[PDB]
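K.L.:
Let me give you the structure first, and then I'll get to my questions.
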Amino acid sequence: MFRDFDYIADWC
Amino acid sequence: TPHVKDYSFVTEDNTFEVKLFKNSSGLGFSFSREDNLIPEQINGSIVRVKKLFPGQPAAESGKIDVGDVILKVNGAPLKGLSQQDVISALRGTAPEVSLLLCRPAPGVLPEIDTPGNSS
């Protein structure tokens, strides 16, 4: 709910 | 939805392997891992293509679409994978990059839509 645990932001 | 076919061997109800080569420099395609369909079974997320430009390694690859589903990566199943393992596999020291590509039918999975207008 309006929250999370881990995120991503890596690419190539 | 006018969709042109490239090869009969390629359908929408089967899996097709996709081989690639080691690239260089950053800035290019992107892999989305944000799940929300069945977040009931933690530790088992999935990876999918979010962005992709023409003329890119993934481009020449032969054929790819924003949403593709990778079942295996160089022999690394989606069985609990970190957020730094995938990328590392894309540039791993391995000789070549062999991964399995899955393209279910239209309806099973949603459609990804990134910024950008239409005209």
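Scheme for the structure tokens: letters A, B, ... for chains in order shown; per-chain residue numbers from 1; ligand numbers from 1 in order shown.
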May I have the residues of chain B within 7 Å of chain A, counting only C-alpha atoms, written as a list in words?
P.N.:
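That gives the following set of residues: residues 26, 27, 28, 29, 30, 31 and 83 of chain B.
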K.L.:
Selected residues, N, CA, C and O atoms, written as a PDB file, in the first residue's frame, please.
P.N.:
```pdb
ATOM      1  N   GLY B  26      27.188   2.150 -21.847  1.00  0.00           N
ATOM      2  CA  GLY B  26      25.836   2.063 -21.310  1.00  0.00           C
ATOM      3  C   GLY B  26      24.845   2.796 -22.209  1.00  0.00           C
ATOM      4  O   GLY B  26      25.076   2.948 -23.409  1.00  0.00           O
ATOM      5  N   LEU B  27      23.742   3.246 -21.619  1.00  0.00           N
ATOM      6  CA  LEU B  27      22.721   3.960 -22.377  1.00  0.00           C
ATOM      7  C   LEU B  27      22.208   3.099 -23.527  1.00  0.00           C
ATOM      8  O   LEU B  27      22.881   2.943 -24.546  1.00  0.00           O
ATOM      9  N   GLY B  28      21.012   2.545 -23.356  1.00  0.00           N
ATOM     10  CA  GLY B  28      20.418   1.703 -24.386  1.00  0.00           C
ATOM     11  C   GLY B  28      19.055   1.183 -23.943  1.00  0.00           C
ATOM     12  O   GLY B  28      18.212   1.947 -23.474  1.00  0.00           O
ATOM     13  N   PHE B  29      18.846  -0.120 -24.096  1.00  0.00           N
ATOM     14  CA  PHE B  29      17.581  -0.731 -23.707  1.00  0.00           C
ATOM     15  C   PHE B  29      17.457  -0.780 -22.187  1.00  0.00           C
ATOM     16  O   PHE B  29      18.409  -0.473 -21.468  1.00  0.00           O
ATOM     17  N   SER B  30      16.283  -1.167 -21.704  1.00  0.00           N
ATOM     18  CA  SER B  30      16.049  -1.250 -20.267  1.00  0.00           C
ATOM     19  C   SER B  30      15.196  -2.469 -19.930  1.00  0.00           C
ATOM     20  O   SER B  30      14.320  -2.858 -20.703  1.00  0.00           O
ATOM     21  N   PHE B  31      15.458  -3.066 -18.772  1.00  0.00           N
ATOM     22  CA  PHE B  31      14.707  -4.240 -18.343  1.00  0.00           C
ATOM     23  C   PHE B  31      13.862  -3.919 -17.114  1.00  0.00           C
ATOM     24  O   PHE B  31      14.392  -3.579 -16.056  1.00  0.00           O
ATOM     25  N   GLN B  83      18.968  -7.928  -8.279  1.00  0.00           N
ATOM     26  CA  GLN B  83      18.739  -6.851  -9.235  1.00  0.00           C
ATOM     27  C   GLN B  83      20.048  -6.441  -9.903  1.00  0.00           C
ATOM     28  O   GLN B  83      20.082  -5.499 -10.696  1.00  0.00           O
TER      29      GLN B  83
END
```
K.L.:
In Å, how far is it from atom CA of residue B:111 to atom CA of residue B:67?
P.N.:
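About the pair atom CA of residue B:111 and atom CA of residue B:67: they are 7.2 Å apart.
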K.L.:
What is the atom CA of residue B:101-atom CA of residue B:69 distance in Å, reported with one decimal?
P.N.:
5.8 Å
K.L.:
I'd like the contact shell of residue B:42 - 12 Å cut-off, only C-alpha atoms, skipping same-chain residues fewer than 2 positions apart - returned as a list in words.
P.N.:
residues 5 and 6 of chain A; 35, 36, 37, 38, 39, 40, 44, 45, 46, 79, 80 and 81 of chain B
K.L.:
Just write the chosen residues, C-alpha atoms, as a PDB file, in the first residue's frame.
P.N.:
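See selection_19.pdb below for the written result:
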```pdb
ATOM      1  CA  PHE A   5      10.637  -3.048  -0.786  1.00  0.00           C
ATOM      2  CA  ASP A   6      13.116  -2.869  -3.661  1.00  0.00           C
TER       3      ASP A   6
ATOM      4  CA  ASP B  35       5.656  -7.033 -10.819  1.00  0.00           C
ATOM      5  CA  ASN B  36       2.044  -6.532  -9.752  1.00  0.00           C
ATOM      6  CA  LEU B  37       0.092  -9.361 -11.378  1.00  0.00           C
ATOM      7  CA  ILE B  38       0.664 -12.083  -8.786  1.00  0.00           C
ATOM      8  CA  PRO B  39       2.737 -10.527  -5.963  1.00  0.00           C
ATOM      9  CA  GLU B  40       1.385 -13.270  -3.705  1.00  0.00           C
ATOM     10  CA  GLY B  44       9.951 -15.169  -7.905  1.00  0.00           C
ATOM     11  CA  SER B  45       9.521 -11.905  -9.801  1.00  0.00           C
ATOM     12  CA  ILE B  46       9.984 -11.739 -13.569  1.00  0.00           C
ATOM     13  CA  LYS B  79      14.314 -18.642  -9.574  1.00  0.00           C
ATOM     14  CA  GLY B  80      15.099 -15.820  -7.153  1.00  0.00           C
ATOM     15  CA  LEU B  81      17.476 -13.412  -8.884  1.00  0.00           C
TER      16      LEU B  81
END
```
K.L.:
DSSP on the backbone: which residues in chain B end up as helix (DSSP H, G or I)? Give the answer as a ChimeraX atom specification.
P.N.:
/B:57-60,85-90
K.L.:
Can you check which residues of chain B DSSP gives as strand (DSSP E) on the backbone and send them as a list in words?
P.N.:
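Secondary structure check on chain B, strand (DSSP E): residues 15, 16, 17, 18, 19, 20, 30, 31, 32, 48, 49, 50, 51, 69, 70, 71, 72, 73, 97, 98, 99, 100, 101 and 102 of chain B.
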K.L.:
Using N, CA, C and O atoms, can you write the selected residues to a file as a tab-separated table (two decimals), in the first residue's frame?
P.N.:
```tsv
chain	number	residue	atom	x	y	z
B	15	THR	N	7.71	-20.65	-27.52
B	15	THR	CA	8.93	-20.01	-27.03
B	15	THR	C	10.04	-20.12	-28.07
B	15	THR	O	10.21	-21.17	-28.69
B	16	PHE	N	10.80	-19.04	-28.25
B	16	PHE	CA	11.89	-19.05	-29.21
B	16	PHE	C	13.17	-18.48	-28.59
B	16	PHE	O	13.17	-17.37	-28.05
B	17	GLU	N	14.24	-19.25	-28.67
B	17	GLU	CA	15.52	-18.85	-28.11
B	17	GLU	C	16.08	-17.62	-28.82
B	17	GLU	O	15.88	-17.44	-30.02
B	18	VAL	N	16.78	-16.79	-28.06
B	18	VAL	CA	17.38	-15.57	-28.61
B	18	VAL	C	18.84	-15.46	-28.19
B	18	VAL	O	19.14	-15.35	-27.00
B	19	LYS	N	19.74	-15.47	-29.16
B	19	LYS	CA	21.17	-15.36	-28.87
B	19	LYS	C	21.66	-13.94	-29.13
B	19	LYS	O	21.19	-13.27	-30.04
B	20	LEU	N	22.62	-13.50	-28.32
B	20	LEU	CA	23.17	-12.16	-28.47
B	20	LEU	C	24.67	-12.16	-28.20
B	20	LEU	O	25.25	-13.20	-27.90
B	30	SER	N	16.28	-1.17	-21.70
B	30	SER	CA	16.05	-1.25	-20.27
B	30	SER	C	15.20	-2.47	-19.93
B	30	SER	O	14.32	-2.86	-20.70
B	31	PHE	N	15.46	-3.07	-18.77
B	31	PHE	CA	14.71	-4.24	-18.34
B	31	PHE	C	13.86	-3.92	-17.11
B	31	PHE	O	14.39	-3.58	-16.06
B	32	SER	N	12.55	-4.03	-17.26
B	32	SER	CA	11.64	-3.76	-16.15
B	32	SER	C	11.41	-5.02	-15.33
B	32	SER	O	11.25	-6.11	-15.88
B	48	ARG	N	11.16	-8.26	-17.93
B	48	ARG	CA	10.54	-7.95	-19.21
B	48	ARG	C	11.16	-6.69	-19.81
B	48	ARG	O	11.70	-5.85	-19.09
B	49	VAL	N	11.09	-6.57	-21.13
B	49	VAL	CA	11.65	-5.41	-21.82
B	49	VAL	C	10.74	-4.20	-21.65
B	49	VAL	O	9.53	-4.29	-21.84
B	50	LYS	N	11.34	-3.07	-21.28
B	50	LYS	CA	10.57	-1.85	-21.08
B	50	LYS	C	10.84	-0.86	-22.21
B	50	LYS	O	9.91	-0.31	-22.81
B	51	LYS	N	12.12	-0.64	-22.50
B	51	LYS	CA	12.50	0.29	-23.56
B	51	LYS	C	13.37	-0.42	-24.59
B	51	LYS	O	14.01	-1.43	-24.30
B	69	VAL	N	9.15	-11.73	-22.79
B	69	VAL	CA	9.31	-12.46	-21.54
B	69	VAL	C	10.50	-13.41	-21.60
B	69	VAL	O	10.52	-14.33	-22.41
B	70	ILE	N	11.48	-13.17	-20.74
B	70	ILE	CA	12.67	-14.02	-20.70
B	70	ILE	C	12.50	-15.10	-19.64
B	70	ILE	O	12.36	-14.80	-18.45
B	71	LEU	N	12.51	-16.36	-20.07
B	71	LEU	CA	12.35	-17.47	-19.14
B	71	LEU	C	13.69	-17.91	-18.57
B	71	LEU	O	13.79	-18.28	-17.40
B	72	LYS	N	14.73	-17.88	-19.40
B	72	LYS	CA	16.06	-18.29	-18.95
B	72	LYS	C	17.12	-17.34	-19.48
B	72	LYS	O	17.01	-16.82	-20.60
B	73	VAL	N	18.16	-17.11	-18.68
B	73	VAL	CA	19.24	-16.22	-19.08
B	73	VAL	C	20.59	-16.92	-18.96
B	73	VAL	O	21.14	-17.05	-17.87
B	97	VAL	N	25.68	-14.74	-25.23
B	97	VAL	CA	24.51	-14.59	-24.38
B	97	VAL	C	23.32	-15.36	-24.96
B	97	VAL	O	22.69	-14.91	-25.91
B	98	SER	N	23.03	-16.51	-24.37
B	98	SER	CA	21.91	-17.33	-24.83
B	98	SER	C	20.78	-17.30	-23.81
B	98	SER	O	20.96	-17.71	-22.66
B	99	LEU	N	19.62	-16.81	-24.23
B	99	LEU	CA	18.46	-16.73	-23.34
B	99	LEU	C	17.20	-17.19	-24.05
B	99	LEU	O	17.12	-17.14	-25.28
B	100	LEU	N	16.21	-17.64	-23.28
B	100	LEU	CA	14.96	-18.11	-23.86
B	100	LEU	C	13.94	-16.98	-23.93
B	100	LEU	O	13.75	-16.24	-22.96
B	101	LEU	N	13.28	-16.85	-25.08
B	101	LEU	CA	12.29	-15.81	-25.27
B	101	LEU	C	10.89	-16.40	-25.36
B	101	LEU	O	10.64	-17.32	-26.15
B	102	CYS	N	9.97	-15.87	-24.57
B	102	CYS	CA	8.60	-16.35	-24.58
B	102	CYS	C	7.64	-15.23	-24.97
B	102	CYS	O	7.74	-14.11	-24.46
```
K.L.:
Just to confirm, what's the straight-line distance from atom CA of residue B:58 to atom CA of residue B:89 in Å (one decimal)?
P.N.:
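It comes out at 14.2 Å.
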